[PDB]
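Asker: give me a model of this one.
(4 chains, ligands or ions: 10)
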Amino acid sequence: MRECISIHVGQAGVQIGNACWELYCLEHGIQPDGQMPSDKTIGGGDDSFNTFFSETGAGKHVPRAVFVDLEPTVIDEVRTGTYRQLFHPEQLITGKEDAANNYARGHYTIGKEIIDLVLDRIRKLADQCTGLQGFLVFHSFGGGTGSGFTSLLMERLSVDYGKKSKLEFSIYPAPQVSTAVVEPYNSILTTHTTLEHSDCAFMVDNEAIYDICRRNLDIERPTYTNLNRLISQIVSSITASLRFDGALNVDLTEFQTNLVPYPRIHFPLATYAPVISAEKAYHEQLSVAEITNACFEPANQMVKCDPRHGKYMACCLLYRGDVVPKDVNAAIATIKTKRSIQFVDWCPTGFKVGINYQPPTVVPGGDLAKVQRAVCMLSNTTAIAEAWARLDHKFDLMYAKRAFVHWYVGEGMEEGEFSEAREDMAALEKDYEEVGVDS
Amino acid sequence: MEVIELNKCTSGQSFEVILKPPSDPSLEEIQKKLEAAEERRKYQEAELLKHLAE
Amino acid sequence: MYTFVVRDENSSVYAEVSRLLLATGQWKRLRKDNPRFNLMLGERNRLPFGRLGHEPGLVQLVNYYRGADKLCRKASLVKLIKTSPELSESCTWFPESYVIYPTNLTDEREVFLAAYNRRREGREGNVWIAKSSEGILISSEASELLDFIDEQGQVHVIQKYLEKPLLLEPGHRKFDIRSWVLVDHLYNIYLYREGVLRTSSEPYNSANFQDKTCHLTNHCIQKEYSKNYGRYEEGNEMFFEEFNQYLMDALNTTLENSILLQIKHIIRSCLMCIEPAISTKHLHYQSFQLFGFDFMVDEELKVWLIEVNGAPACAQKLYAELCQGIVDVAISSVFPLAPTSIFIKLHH
Amino acid sequence: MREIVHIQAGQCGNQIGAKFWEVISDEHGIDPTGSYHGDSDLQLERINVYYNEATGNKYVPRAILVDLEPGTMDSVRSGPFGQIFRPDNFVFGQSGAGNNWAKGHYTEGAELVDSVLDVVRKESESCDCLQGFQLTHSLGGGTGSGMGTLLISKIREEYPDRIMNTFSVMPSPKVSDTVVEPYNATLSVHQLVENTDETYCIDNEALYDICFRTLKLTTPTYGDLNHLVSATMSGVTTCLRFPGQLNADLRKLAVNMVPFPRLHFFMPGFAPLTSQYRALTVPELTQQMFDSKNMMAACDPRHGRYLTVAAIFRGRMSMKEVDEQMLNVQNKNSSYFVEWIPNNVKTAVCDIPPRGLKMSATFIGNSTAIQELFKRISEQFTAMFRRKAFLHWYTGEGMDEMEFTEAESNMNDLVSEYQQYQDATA
Ligand SMILES: C=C1C[C@H](C)C[C@@H]2CC=C[C@@H](C/C=C\C(=O)O[C@H]([C@@H](O)/C=C/[C@@H]3CC(C)=CCO3)C[C@@H]3O[C@H]3[C@@H](O)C1)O2
Ligand SMILES: Nc1nc2c(ncn2[C@@H]2O[C@H](COP(=O)(O)OP(=O)(O)OP(=O)(O)O)[C@@H](O)[C@H]2O)c(=O)[nH]1
Ligand SMILES: Nc1ncnc2c1ncn2[C@@H]1O[C@H](COP(=O)(O)OP(=O)(O)CP(=O)(O)O)[C@@H](O)[C@H]1O
Ligand SMILES: Nc1nc2c(ncn2[C@@H]2O[C@H](COP(=O)(O)OP(=O)(O)O)[C@@H](O)[C@H]2O)c(=O)[nH]1
Ligand SMILES: [Ca+2]
Ligand SMILES: [Ca+2]
Ligand SMILES: [Ca+2]
Ligand SMILES: [Mg+2]
Ligand SMILES: [Mg+2]
Ligand SMILES: [Mg+2]
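Answerer: Numbers count the residues shown, from 1 in each chain, chains lettered A, B, ... in the order given. Ligands and ions are numbered 1, 2, ... in the order given. For reference, the structure is listed below:
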């Protein structure tokens, strides 16, 4: 058994982290007070769940997680919330004043003052690990902490643990729920600096999740709670293989080897189905064929973009619930002769498939209906570069006038880092065009 | 379609179906970056305090 | 008030579409880079499809289908037709074609040569034509065909030349048929009821392929190289009413029976083939597009598809009617303003 | 990221300031004696931003009151909520400033500034985490204008990394006390351009016009003008005072609102204008708040473009309708929003409405049309300065003409800078 440490940085990373651990506890039968009746080996074990939960002599099951935010508002919700008893105070780290949506403020100014305290709390967790495999880092692109502090944290993690894998769950910015006009700057700055330090990153566009919540959950104006409960379902299906018995994606290294043939091109598209509202009493259960077909619908993707006009490098299907290999191969047969699924020449056309018999757990009283089967597809498609193009365009519009640049320079950042980050993204866009476009 | 690497346990199954064959900065360098930014912050503030002093 | 932007200055079709929208009193034109638009009239090259449909509170629409280039690129059209089970073999309306690659800056040839040899020692006409997306060679010898593709340095297609075209009388003159097709956001396929024949002003020859004025029916070429241009009809352009009369008088049939039935069938086959790949039915933005289909008619009254144009111009006489049609069918359908249709619906 | 320290200086500054505190005290359920008597926890969650906790669990405004004579402050102290202010926080002289910037900034003011700074320091040092300061004052007199800007300079020197925020009342010949107002205003704008992060431009000409040809007041008094200012201030500080995730602290607001450091002068607006019975619909709030008639700076937004806009909707209403209407206002007037700052309009919603209203909306715009205001002042300044009229009042206090020339040059540069970005295109 190899342990995984989750790190939650800034408001988005913390609130999402809080939704995931809630869900993890429901899935493993852990109660708010930390106890697990199902667990028999008291005070320790080598079970699959132990990858995410350590144990105390008193039989408390404790998340291998640290929460970091530059202001205490959000993390204090955790300390006093439903799962207060789950975490230890050492895990929750708060600062005095936040990064004010300024990458440079979070990275340079405030980052410098708190980074050693953070790395040390992480070390305490690493020290209880017999065989740590690496880190899962949750954060927004757009916030000053989420963007600036995370990239410093990632740089230092590569130093203190150079062998370990690092995976990201990043919230890509959408104006519909956005809190700052400079988010594009923060996104490109953080992506540039983080790039070489992340083995695999799952981007979730708030726009996609927002719209899914509106059209499928009939939520008129989604809140962060609605968004986060949906995000945590997707996150759980992605991490479920590290927490449960199985043979696909059982260690963090597997994500890279299965999904990322070229190191920079490490942003797989997540697609999820089915999302059904818990308010619809009569609903007909979707089949393996149908939920699988839904994986090739832009309306269900974590980022809106069109894979028909890109090429695939890898594809993974993660099913939870009443699914057998026969139904999957049948679904894939029909779908293939019906849809535009072009793989790059230097990769095999195929799917790695995982099935977990426990159907998705939903939060009691949440917006999500319980369903008997669900799937999350992780596909590495060049079509996701559409999200980089949008982002880079917005950056260009503002940067051409040097709008808001002084806020960054004023925090000790050099202006050239803007052009440096933007050059890196331009190369990135070019790399995607090379692997995915003919002429 | 060929199904391979089929693995079964009580929790579930995994396998692979093929449809067609194919055809870092040191600790020192980072602290230097943080320190150089802090120095620029110190310099900008000293200029402000100089201006105010005049 | 609906808003829109303009990003192709050379489009005569949309230059008129814009002026129509302004005239409505319910459409306002914006600056090129203002993303706050309902309607984009895009550029022909490298249109930023990835930037469409991410503007909260705006339904957005563009006048191009992403992916339609597969149909509108000569090399691509041949590949699409050979490899698509829907078309491919058992397509009898596209001339035998091959994609040939120059030896300078997969690949065909040889396979082409094998078919060529068949008619060589087969007592059959082996006149072929080389072309790509001025710059066309009509020859009956394979040797001087390839020995022309490499001199140009661009992907080319060599297809069978139609040696037995239907010739208009008097004049013994070739021609081609242009049809305009509008595909709306719902993927309804609309054939404009008015077509045009682009005629040659020179009698058709069979031994002089050097004189490419009675062999190439391009209106651009005809004015430049023909003494009699405009002699038989204005601008070397015959419209459907006249052509129909001709067919009745000369051949005892109608345009609809002898030709249009086939034209409709071909348009449907091509567009339904590519539909799954380009449909914007469940996309975050929607598109429509106007296509230019060009056909040849042989002497047996068999219709052959020659090429599909993705950014077609129109015929002066017709600009007005068609453009209003685009507005009514393609644009006002999505953004309704506060018949006797000019289109025929090819029912997908 | 928490406590704000409020300073109010001079007659205008103290009169609007008293009203401000009167209004927010009511909204937060705090009585003239500083005792909380509300019926919600939303009104205490961020109460510490503007109030200190005292003995007996009562609330004291983190407010410092300043003047060079004692009159207006005596009136404040004997006012309705006069008892709520910390007695040690009244700092005043006896000489007055005679509507003279030089007196407030260089002579009479210099004498008193250190005692004000002592009070500022005592309030700061009590702060868990001071975010910054907000100053209320006019630019047309002597104390608020001259001493006010002197204080800002000294505060920056001592707290150079805190946000400095002002509500600055601009003078109007329509509502004038003396002919030297343009001199005092121009000298102050020079200071404000360099030393504040956010300045809310409250134009007495706008407040007058609104009272006259919207509220139908034949003869507006300073009281009527201040009713509008009270409401605007309560409105613009809402996101600071109640739970929310958008522009919830001074620095975050500044990062979202200010794309270039000198261009930090905001045009406020609100709806509905009151001096009732039927609540406004969300679409009405939106139409009205963006109407030039609802603006507190006398500049026509149609004469320029918005760099950035912040809006705040108050009351119980549909967040969906709010988003829709706000999107509608931008989509149907996209010409007036610069296209090179994408998504430059942000919106917050707070459940708690203001006194006497079911629904309201407050607008804060960074528009290049604000150049009209500075141009108006510049013109009045030059009309007198070309003939050195009334200059002796200033040279008598040791100032020389060169300082006027420099303040005038700097304000005209400010105008030309706005024109640049008004003309700028993607
Ligand atoms: C109803 C409208 C015009 C259209 C129908 C509404 C459209 C959508 C939503 C709101 C309004 C804008 C709000 C007020 C308004 O237009 O007031 C006008 C005048 O003051 C123009 C102000 C403009 C508004 C904007 C957005 C930028 C520049 O200033 C003054 C006009 O009396 C107001 C009324 O006519 C406004 O624009
Ligand atoms: N999906 C989701 N997005 C969030 C959440 N909280 C914030 N965001 C998004 O994150 C971006 C803002 O960054 P934050 O995480 O709030 O900021 P931060 O990391 O705490 O950094 P600072 O506050 O500037 O110090 C915006 O795009 C928000 O829409 C959340 O709970 N869920
Ligand atoms: N296979 C064939 N058999 C007989 N004639 C052919 C032919 N292929 C092409 N042509 C004839 O000559 C000209 C080539 O025109 P083609 O349509 O292929 O390219 P083009 O560059 O003219 C664009 P457009 O389709 O808009 O005319 C044909 O239009 C028609 O005149
Ligand atoms: N809105 C408003 N403006 C005022 C008030 N009192 C004075 N003014 C304006 O402020 C300027 C005079 O400055 P004032 O504050 O009286 O002088 P100070 O005491 O030296 O700061 C003039 O432009 C007046 O129109 C007031 O109560 N409300
Ligand atoms: Ca155990
Ligand atoms: Ca004295
Ligand atoms: Ca002292
Ligand atoms: Mg935060
Ligand atoms: Mg062509
Ligand atoms: Mg006075």
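
Asker: how about the residues of chain C near chain A?
Answerer: Contact residues (Cβ under 8 Å from any Cβ of the partner chain) of chain C with chain A: C:48-51, C:53-54, C:56, C:66-67, C:276-278, C:282-284. Yep, even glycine has a C-beta here, placed from its N, CA and C like the rest.

Asker: any idea how many residues pack against the closest residue to residue D:282 other than its chain neighbours?
Answerer: Distance criterion Cβ to Cβ, 6 or more residues apart in numbering or on different chains; nearest residue to residue D:282, sequence neighbours excluded, is residue D:321 at 4.2 Å. Residue D:321: 17 surrounding residues under other Cβ atoms under 10 Å in any protein chain shown.

Asker: make sure residue D:321 is indeed in a strand.
Answerer: No. Read with DSSP: H, G, I helix; E, B strand; the rest coil, residue D:321 is helix and lies in no strand.

Asker: okay, it and chain B: tell me how far apart.
Answerer: 45 Å (Cβ to the nearest Cβ, to the nearest Å).

Asker: so which bits of the stretch 301-426 of chain D are right by chain A?
Answerer: With Cβ under 8 Å from any Cβ as the criterion, the stretch 301-426 of chain D comes near chain A at residues D:308, D:318-320, D:323, D:339-344, D:346, D:421, D:424, D:426.

Asker: in those, find the pair that's most separated.
Answerer: Within these, two members stand farthest from each other by Cβ to Cβ: D:318 and D:424, at 36.1 Å.

Asker: so which of the two has more stuff around it?
Answerer: Taking neighbours as other Cβ under 10 Å, residue D:318 and residue D:424 compare with residue D:424 leading, 16 against 13.

Asker: contacts only, for that one.
Answerer: Contact analysis of residue D:424 by Cβ atoms under 8 Å, 6 or more residues apart in numbering or on different chains lists A:401, D:338, D:340.

Asker: next one: residue C:311
Answerer: Neighbours of residue C:311 in contact, by Cβ under 8 Å, 6+ apart: C:11, C:44, C:72, C:292.

Asker: hmm, residue C:41 and the first one touching each other?
Answerer: Yes. The pair residue C:11 and residue C:41 passes the contact test of Cβ atoms under 8 Å, sitting 7.1 Å apart.

Asker: and the chain, what are its domain boundaries?
Answerer: Looking at chain A here, since you left the chain open. A:1-268, A:269-383, A:384-439 (curated CATH domains).

Asker: chain C, not that one
Answerer: Following curated CATH domains, one finds the domains of chain C at C:1-63, C:64-95+C:164-348, C:96-163.

Asker: just to revisit the earlier point, any quick PyMOL command for the buried ones out of the residues of the stretch 301-426 of chain D next to chain A?
Answerer: Selecting just the buried residues from these in PyMOL takes one command, with 16 or more other Cβ atoms under 10 Å in any protein chain shown as the test:
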select buried, chain D and resi 308+323+339+340+341+342+343+344+346+421+424+426
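
Asker: strands - which of the residues of the stretch 301-426 of chain D next to chain A land there?
Answerer: Judged by DSSP state E, strands contain the following of these: D:308, D:346.

Asker: of the residues of the stretch 301-426 of chain D next to chain A, just say which sits nearest to residue D:175.
Answerer: Once Cβ to Cβ is applied, the member of those that ends up nearest residue D:175 is residue D:308, at 28.9 Å.

Asker: my read is that the closest one contacts residue D:256, right?
Answerer: Yes. The criterion here is Cβ under 8 Å, and residue D:308 meets it with residue D:256 at 6.5 Å.

Asker: just give me the residue right at the centre of the chain.
Answerer: If you meant another chain, say so; for now it's chain A. By Cα atoms, centre = their mean, chain A has its centre lying nearest to residue A:169, at 2.2 Å.

Asker: that's the other chain; I wanted chain D
Answerer: With distances taken as Cα atoms, centre = their mean, residue D:167 lies nearest the centre of chain D, 1.7 Å away.

Asker: need the contact partners of the host helix or strand of that one.
Answerer: Secondary structure assignment for residue D:167, by DSSP states H and E: strand D:163-170. Under the criterion Cβ under 8 Å, 6+ apart, residues D:12, D:16, D:131-140, D:144, D:152, D:155-156, D:185, D:188, D:192, D:195-205, D:229, D:233, D:250-251, D:254, D:297, D:373, D:377 lie in contact with strand D:163-170.

Asker: show me those that map onto strands.
Answerer: Among the contacts of strand D:163-170, the members falling in strands (DSSP E) are D:132-138, D:198-203.

Asker: so what's residue D:212 up against?
Answerer: D:218, D:220.

Asker: residues near residue C:316, how many?
Answerer: Applying other Cβ under 10 Å, we find 11 residues neighbouring residue C:316.

Asker: what strand or helix carries residue A:412?
Answerer: Following DSSP H and E, one finds residue A:412 outside all helices and strands.

Asker: returning to that earlier point: out of the residues of the stretch 301-426 of chain D next to chain A, who's nearest residue D:414?
Answerer: Of all these, residue D:414 sits closest to residue D:421, with 11.8 Å by Cβ to Cβ.

Asker: look up phi and psi at the nearest residue to the closest one once chain neighbours are set aside.
Answerer: The shortest distance from residue D:421 to any non-neighbouring residue, by Cβ to Cβ, 6+ apart, is to residue D:368 (5.8 Å). When quoted as degrees, to the nearest 10, the phi and psi of residue D:368 stand at phi -70, psi -10.

Asker: which one of the residues in chain B is closest to ligand 5?
Answerer: Per Cβ to the ion, residue B:11 is where chain B lies closest to ligand 5, at 16.8 Å.

Asker: would you confirm that that residue contacts residue A:241?
Answerer: No. Under the criterion of Cβ under 8 Å, residue B:11 is not in contact with residue A:241, lying 10.1 Å apart.

Asker: can you check which residues contact both of those two?
Answerer: Common contact partners of residue B:11 and residue A:241 (Cβ under 8 Å, 6+ apart): residue A:356.

Asker: residue boundaries of the strands in the stretch 301-426 of chain D?
Answerer: Remark: strands assigned in the stretch 301-426 of chain D by DSSP state E, counting those that start in this stretch are D:306-315, D:345-350, D:359-367.

Asker: distance to residue D:86 for those strands - can I get that in TSV?
Answerer: Compiled in TSV, those are given as follows (distance: least, Cβ to Cβ, whole Å):
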stretch	distance to residue D:86
strand D:306-315	29
strand D:345-350	28
strand D:359-367	28
